[PDB]
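Residue numbering restarts at 1 for every chain, and letters A, B, ... go by the order of the sequence lines.
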Amino acid sequence: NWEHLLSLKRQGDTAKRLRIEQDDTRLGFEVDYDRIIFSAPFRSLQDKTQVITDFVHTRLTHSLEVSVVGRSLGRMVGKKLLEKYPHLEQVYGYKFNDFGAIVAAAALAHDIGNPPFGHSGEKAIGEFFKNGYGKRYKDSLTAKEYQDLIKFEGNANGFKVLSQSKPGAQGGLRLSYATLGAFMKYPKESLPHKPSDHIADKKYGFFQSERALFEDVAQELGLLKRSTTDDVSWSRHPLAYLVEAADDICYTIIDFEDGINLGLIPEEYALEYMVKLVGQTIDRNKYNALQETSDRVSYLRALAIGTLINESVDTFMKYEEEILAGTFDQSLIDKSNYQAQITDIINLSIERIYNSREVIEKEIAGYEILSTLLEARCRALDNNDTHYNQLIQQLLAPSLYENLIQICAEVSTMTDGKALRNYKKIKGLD
Amino acid sequence: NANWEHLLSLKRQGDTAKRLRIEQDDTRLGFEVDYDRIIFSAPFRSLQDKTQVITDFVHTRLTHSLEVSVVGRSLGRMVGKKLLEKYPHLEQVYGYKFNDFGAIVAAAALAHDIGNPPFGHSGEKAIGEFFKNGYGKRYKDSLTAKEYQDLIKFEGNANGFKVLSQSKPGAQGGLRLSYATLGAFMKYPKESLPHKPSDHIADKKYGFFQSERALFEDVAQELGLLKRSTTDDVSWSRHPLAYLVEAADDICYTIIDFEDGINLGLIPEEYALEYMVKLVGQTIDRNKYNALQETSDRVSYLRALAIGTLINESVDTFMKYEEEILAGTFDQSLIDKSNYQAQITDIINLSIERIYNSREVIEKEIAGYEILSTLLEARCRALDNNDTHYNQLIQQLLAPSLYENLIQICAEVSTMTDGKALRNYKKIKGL
Ligand SMILES: [Mn+2]
Ligand SMILES: [Mn+2]
């Protein structure tokens, strides 16, 4: 039921929270958004770079733009869901802005747990425990606990960041269970690894240390079981599809916009790649009167995102029943009529942005930086008596699995600067 | 009308007797020795640390000068062989050989950038701006109209001529290049005034400072260059070989600026074949081109071919208008008559839009104005009050007739490496 998928429950609650009795000015889904804005992990995205270190393409702005596109998807789908299921409003008190707030909040947080240097940074963490120093702990861990480490996922670390208990602060940000369900693109544990080619099975979404929490979330939401073994898996909260579409749309279109502004993509290619996405709404005469490259391409970007938002709303509603029953197999953007153009855009970005010498140089440097910090923390964990390892603990961080996963969580959330600075000190270089 | 027997003079400054070509040792031929004198000279060596517009560390003025001198040697060899067919007595009676023309063009071309200030034509303009509106405006009423014009329109070509010929104690005549080489060096045989008397390319700039006028008068008289004016404002018709030095330079900066910009990313690689297909298609091996897997290899194949095409045509243009050049009645450059002027123009235009107006280049030239002004001001203030403790410090640091002093300060600031210039500038400024 959509009634259960829209849970306002917060972790530790002993009583049901009913939608009809909420204060409109203090609606739990919108409180969630505010809690994220003011959280220290979201603020740290100011000093985190998406791919190009130009200092004006942060992960903060990306997260903001994804949440704006999310609220728009949530509002429009919300309005149509309330027309399809009128009891949801007339009896339970839901409003279309509710679905915008849930999608907006989970999208705002989607990037929050990811390590620096993108996918290279996840792979360096994993390689540290698969083949580097962290190999030694394998025999002291369960198969799923070790799999958390060798296949470290920033999505799962995001879930940990949002919900981690600390003294005086149990339950992290304590977001609504609907918001956490809309956050979880991959509602499975680290094993079994990729049991199918379903998008929800391409990674996993929570570490073992958050397993008990997501169990409580999935039971409250009423997510459909995808496993009846001790390897737990569930079908995605419907709104998670909208969070994913917001991110899909922004990375595809805005990465391209960035590449052109940066010079990595010749501006001559702008209209060729965008014409199908914008061709019926573009005011060509206004496009030609624009005098700056950055204005022409942001005009194209707004047209394309508009096109892809309207279509994604319509794809969600064409497949809503399948999504509610956990039988939908793809992403919304996979069903797009512009799939081929989207793929050409993404491939051009891989060729001209992600495989440029500057980006490659950053990732190679990232591997050493993270590998160094992980070894410094893990040796300090093994022999915490020596003077050097007392110092290492005071500089970076003032059960074995709980310890190792916390070290990954902490190295992962370090800003680009502090990582490079602490790495520089450990290696002596300035 | 000029005579090829006098235009090929082996005279060096101060010579008391004539140098006949027949009497030369071919192992120590005057024109070839000119090339070595340049290679080994301090001003040429300093081009190692003098960057062009782009500072990739592998785009130097030494490489440009080298490649211009190579293309120049080819131009002069091929024209030289055709000139000896037309005028056989030059070999039968005077003993000239076609490699002589190759050597003259090659030595003049090699030296053509030797006197330019750093930072391009922006460097020249920073110096002029200094004397036109900066601290150096104060000298206007103590200089002649033409001494002041030398300064406010300071010209790297004219500074070049000074570098090659400047007398010093124990070194009369500078490098003492052959007069034929000095004649081919001089793309603009005129004084600083009058400014742009005509639209001829030879009238666009000027070629020698007042301090060097008497010197070029000697060169022009010996070569027998044709007097283009006798109004007390001296100018001559260009030595014919000067058109080839110019053509070699024109060819290289047109094609190799394009290549460089493609390699640096500033010009999409697609434009390479698009602007160059007319210039290469009669000579390109398509099979070879489509096998080359690296962009740098493809565009340098195209560049080698485009340059070959333009050398061959430039030789033809010279030989066609040879009699008009000898009469001083040829009004254009060799490249202005090329049948690829449409293609050359589009190349030059794209290079300007994507390279010369790129943000990196604009930035380097703006900082150059500040670096050159600061050095010129420290030098001129030290000249004006040599008595203060500071100006005596400045004198020990930067340099251990009023017009001669000012032009020498200009020559010295202009010939500084980018390293010494920036380091000395930073020192003056406390950085
Ligand atoms: Mn994202
Ligand atoms: Mn040149």
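A salt bridge is absent between B/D203 and B/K196: the closest approach of a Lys/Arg side-chain nitrogen to an acidic carboxylate oxygen does not fall below 4.0 angstrom. Between B/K86 and B/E323 a salt bridge is recorded (basic side-chain N to carboxylate O distance below 4.0 Å).
With contacts defined as side-chain heavy-atom distances shorter than 4.5 Å, the pair B/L175/B/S165 does not qualify. Side-chain contact between B/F258 and B/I348: absent, with no pair of heavy atoms (C-beta onward) separated by less than 4.5 Å. The closest side-chain heavy-atom distance from B/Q210 to B/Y148 is not below 4.5 Å. Under the 4.5 Å side-chain criterion, counting only non-hydrogen atoms from C-beta, A/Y273 is in contact with A/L348. For the pair B/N116/B/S414, no side-chain contact is recorded, criterion being any heavy-atom separation below 4.5 Å from C-beta on. In this structure the side chain of B/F40 reaches within 4.5 angstrom of the side chain of B/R45, judged on heavy atoms. The shortest distance between side-chain heavy atoms of B/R21 and B/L29 falls below 4.5 Å. Considering only heavy atoms from C-beta on, B/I256 comes within 4.5 Å of B/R303 through its side chain.
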Pair B/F131-B/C410, side chain to side chain contact (heavy atoms under 4.5 Å, CB included): steps then yes or no: CA-CA 10 Å; B/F131 290 97; B/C410 287; 3.4 Å; yes
One pair to check against side chain to side chain contact (heavy atoms under 4.5 Å, CB included): B/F98 and B/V79. What are the steps and the verdict? CA-CA 8 Å; B/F98 73 85; B/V79 170; over 6 Å; no
Run the numbers on A/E257 and A/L300 for side chain to side chain contact (heavy atoms under 4.5 Å, CB included), then give the verdict. CA-CA 9 Å; A/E257 183 193 5; A/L300 297 174; over 6 Å; no
Begin with the C-alpha distance, continue with both residues' side-chain angles, and end with the deciding distance and a verdict on side chain to side chain contact (heavy atoms under 4.5 Å, CB included) for B/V280 and B/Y301. CA-CA 10 Å; B/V280 294; B/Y301 185 28; over 6 Å; no
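When every heavy atom of B/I114 is checked against every heavy atom of B/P43, the shortest pair comes out as CG1-CB, 3.7 Å. Nearest heavy atoms, B/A2 versus B/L226: N-CD2, 3.8 Å. The shortest non-hydrogen separation linking B/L110 to B/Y35 is CD2-CE1, 3.5 Å. Considering every non-hydrogen atom in both B/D233 and B/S229, the closest pair reads O-OG, 2.7 Å. Residues B/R61 and B/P117 share a closest heavy-atom pair of NH1-O, 3.5 Å. Minimum heavy-atom separation, B/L7 to B/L223: O-CD2, 3.3 Å.
In this structure, the side-chain hydrogen bond (donor to acceptor under 3.5 Å, both in side chains) partners of B/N99, at least two apart in sequence or on a different chain, are B/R77. In this view, A/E268 and B/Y271, B/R354 satisfy the side-chain hydrogen bond (donor to acceptor under 3.5 Å, both in side chains) rule, not counting sequence neighbours. Residues passing the side-chain hydrogen bond (donor to acceptor under 3.5 Å, both in side chains) test with B/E269, sequence neighbours excluded: B/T295, B/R298. For B/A184, the side chain to side chain contact (heavy atoms under 4.5 Å, CB included) partners at least two apart in sequence or on another chain are B/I104, B/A108, B/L241, B/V245.
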All N/O donor-acceptor pairs, side-chain side in residues 152-161 of chain B, below 3.5 Å, sequence neighbours left out:
from	atom 1	to	atom 2	distance (Å)
B/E155	OE2	B/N157	N	3.1
B/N159	ND2	B/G115	O	2.8

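Between B/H112 and B/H64, the distance separating the two ring centers is shorter than 6.0 angstrom. For B/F208 and B/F216, the ring centers are positioned less than 6.0 Å apart.
For the residue pair B/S192 and B/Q149, no side-chain donor N or O sits within less than 3.5 Å of a side-chain acceptor on the partner. Between the side chains of B/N263 and B/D260, no donor N or O sits under 3.5 Å from an acceptor N or O. Residues B/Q13 and B/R176 have side chains that bring a donor and an acceptor to within less than 3.5 angstrom of each other. A donor-acceptor pair shorter than 3.5 Å can be found between the side chains of B/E124 and B/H121. For the residue pair B/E353 / B/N357, no side-chain donor-acceptor distance below 3.5 Å is found, with atom types taken as modelled. Checked by atom type, the side-chain pair B/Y356/B/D257 shows a donor-acceptor distance below 3.5 Å. Side-chain contact of B/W4 with B/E322: a donor-acceptor pair under 3.5 Å is present, judged by distance alone.
With hydrogens and angles disregarded, no donor-acceptor distance shorter than 3.5 Å links the side chain of B/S373 to the backbone of B/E370.
Among B/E191, B/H195, B/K190, the one residue that satisfies the side chain to side chain contact (heavy atoms under 4.5 Å, CB included) test with B/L193 is B/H195.
Atom CD of B/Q48 and atom OG1 of B/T63 lie 10.0 Å apart (nearest 0.5 Å). Note: B/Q341 CD to B/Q343 CD = 9.5 Å, rounded to the nearest 0.5 Å. Here the CD1 atom belonging to B/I307 is positioned 10.5 Å from the CG atom belonging to B/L279, to the nearest 0.5 angstrom. The CZ atom of B/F330 sits 7.5 Å away from atom CD of B/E324, with the distance rounded to the nearest 0.5 Å. Rounding to the nearest 0.5 Å places CE of A/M274 at 13.0 Å from CG of A/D344. Expressed to the nearest 0.5 Å, how far CD of B/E246 lies from CG of B/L75 amounts to 11.5 Å.
Within a 6.0 Å radius of CG in B/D199, other residues, nucleotides and ligands contribute 12 heavy atoms or fewer. At most 12 heavy atoms of other shown residues, nucleotides or ligands fall within 6.0 angstrom of atom CG in A/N285. Remark: B/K82 NZ is loosely packed, at most 12 non-hydrogen atoms of other residues, nucleotides or ligands lying under 6.0 Å away.
Remark: B/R12 is not positioned above the aromatic ring of B/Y179, lacking an NZ or CZ atom under 6.0 angstrom from the ring centre and at most 45 degrees off the axis. By the 6.0 Å and 45° rule, B/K125 does not stack over the aromatic ring of B/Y369. Remark: B/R37 fails to qualify as a cation-pi partner of B/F44 under the 6.0 Å distance and 45° angle criteria applied to the six-membered ring.
Residue pairs meeting the salt bridge (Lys or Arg N to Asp or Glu O under 4.0 Å) criterion with at least one member in residues 326-340 of chain B, sequence neighbours excluded, do not occur.
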